[PDB]
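Participant: Output the structure for:
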Amino acid sequence: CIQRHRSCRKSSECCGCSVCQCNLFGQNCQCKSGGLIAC
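Facilitator: Numbering: from 1, shown residues only. Let me share the structure:
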């Protein structure tokens with residue numbers, strides 16, 4: 001799966017309670033943390 005620190009196409013494409021978002025230019029969508037202890 002896509003780590004919470006690698007480019008992705010959708011927040012769903014990320015193991016654990018991680019999400020994916022782009023920059024101000026709606027580009028460079030990178031995965032991020034969400035809540036390992038409490039989602």
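
Participant: leaving aside the residues next to it on the chain, what's closest to residue 19?
Facilitator: residue 11 (4.0 Å; Cβ to Cβ, 6 or more residues apart in numbering). Yep, even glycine has a C-beta here, placed from its N, CA and C like the rest.

Participant: ugh, wrong one, residue 34
Facilitator: Counting by Cβ to Cβ, 6+ apart, the residue nearest residue 34 is residue 17, at 4.2 Å.

Participant: follow-up on the earlier one: now do the SS call for the residue nearest to residue 19.
Facilitator: coil (DSSP: H, G, I helix; E, B strand; the rest coil).

Participant: who are the neighbours in contact with it?
Facilitator: Under the criterion of Cβ atoms under 8 Å, 6 or more residues apart in numbering, the contact partners of residue 11 comprise 18-21, 31.

Participant: ok, residue 26 to residue 34 distance?
Facilitator: Residue 26 sits 20 Å away from residue 34, taking Cβ to Cβ, to the nearest Å as the criterion.

Participant: The two - which one has more neighbours?
Facilitator: residue 34 (14 against 8; other Cβ atoms under 10 Å).

Participant: is it true that the more buried one touches residue 15?
Facilitator: No. Residue 34 sits out of contact with residue 15 when judged by Cβ atoms under 8 Å, with a separation of 11.0 Å.

Participant: overlap in contacts of the two?
Facilitator: Here residue 34 and residue 15 share the contacting residues residue 4, scored by Cβ under 8 Å, 6+ apart.
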